[PDB]
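In: Just dropping in an experimental structure and the matching sequence.
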Amino acid sequence: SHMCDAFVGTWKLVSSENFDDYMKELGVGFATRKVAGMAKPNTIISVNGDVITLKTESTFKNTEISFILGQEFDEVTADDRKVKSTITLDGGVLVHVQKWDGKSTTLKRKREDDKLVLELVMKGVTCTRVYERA
Ligand SMILES: Cc1nc2ccc(Cl)cc2c(-c2ccccc2)c1C(=O)O
């Protein structure tokens, strides 16, 4: 067992705040924002030894990343940014930093009651995405 086990499971999006605004900060175009913003993704988190995998399934895009904490990796994001990512565990929060073209965004995941809360921050804009177990 590991602390990261509180994250493992299948999670369904149940609420969103400021996603469209967050996407505008990322430079996502109109059509992509509209389609992405309509999606009700599920996220599947699993752990196998030191490897964590985060898989998103949706009607917009399906993505999968696997990584080791603290070890940089290449990621092509759902909106087709090519980024360098590093994911750490900081006091129980999964912290994911994406770097591309001199820009940065941070995605934090935390357990809160029976929910998994994803916070996406770009510049002054915070989006909150709340999931429950599927
Ligand atoms: C973490 C992440 N970051 C994003 C950044 C930008 C855009 Cl456009 C989309 C995402 C998505 C996503 C949202 C809806 C459907 C599918 C994927 C997610 C994700 O939940 O997996």
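Out: Perfect, thanks for sending it. Numbering: from 1, shown residues only.

In: what about the helices in this protein?
Out: With helices called from DSSP state H, the chain shows them at 19-26, 30-38.

In: among the ones you listed, which is nearest the ligand?
Out: Closest to the ligand of the helices of the chain, according to Cβ to the nearest ligand atom: helix 30-38, at 3.9 Å. The C-beta positions use only the backbone N, C-alpha and C, and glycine is treated the same way.

In: Direction-wise, compare that closest one with helix 19-26 and give the angle.
Out: Relative orientation of helix 30-38 and helix 19-26, computed by axes from the mean of the first three to the mean of the last three Cα atoms, to 10 degrees: 140 degrees.

In: Does the ligand have contacts with helix 30-38?
Out: Yes: for a cut-off given as Cβ under 6 Å from any ligand atom, helix 30-38 has contacts with the ligand, namely residue 36.

In: Over to stretch 90-100?
Out: No: Stretch 90-100 is not in contact with the ligand by Cβ under 6 Å from any ligand atom; minimum separation 7.9 Å.

In: Pull out the buried residues from that stretch.
Out: Within stretch 90-100, the residues that count as buried by 16 or more other Cβ atoms under 10 Å are 94-98.

In: want to try CSV for the residues you listed, with distance to residue 9 as columns?
Out: Conversion of the buried residues of stretch 90-100 to CSV gives the following (distance: Cβ to Cβ, whole Å):
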residue, distance to residue 9
94, 13
95, 19
96, 18
97, 24
98, 23
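
In: which among those gets closest to residue 33?
Out: When the buried residues of stretch 90-100 are compared for distance to residue 33 (Cβ to Cβ), residue 98 wins out at 17.7 Å.

In: If we ignore the residues flanking it in sequence, what's nearest the residue positioned nearest the centre of the chain?
Out: With distances taken as Cα atoms, centre = their mean, residue 107 lies nearest the centre of the chain, 5.7 Å away. Closest residue to residue 107 apart from its sequence neighbours, by Cβ to Cβ, 6 or more residues apart in numbering: residue 96 at 4.2 Å.

In: what bridges to the one you found?
Out: Note on residue 96: beta-bridge partners by DSSP bridges are residue 87, residue 107.
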